[PDB]
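This document opens with one chain alone, in structure tokens, the form deposited in one PDB entry.
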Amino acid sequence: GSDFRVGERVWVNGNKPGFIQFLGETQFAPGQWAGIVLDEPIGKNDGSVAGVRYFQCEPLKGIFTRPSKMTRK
């Protein structure tokens, strides 16, 4: 009903909660991406990929996902 916004609480596939820290295109892949800081350290990065920073968080709490792979509740 409404587009995602920075700061929104989201649930990534598998029902992993996090907050949106980045939205848009990135250098590592085409299309739209969502940079999320997860509640749990089950992520893959600190908000950067290949030395390029999109956002910042603990090294194991950041992940980038397609907006289609996350939902609100």
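Numbers follow the displayed sequence, beginning with 1.
Absent from the display: the form deposited with a partner chain bound. The rest refers to it.
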{"property": "Contact of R53 with its partner chain in the deposited bound form (heavy atom, 4.5 Å)", "result": "no"}
{"property": "Interface membership of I20, its partner chain in the deposited bound form, 4.5 Å heavy atom rule", "result": "no"}
{"property": "is_contact(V37, its partner chain) in the deposited bound form, heavy atom dist at most 4.5 Å", "result": "no"}
{"property": "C57 within 4.5 Å of its partner chain in the deposited bound form, heavy atoms", "result": "no"}
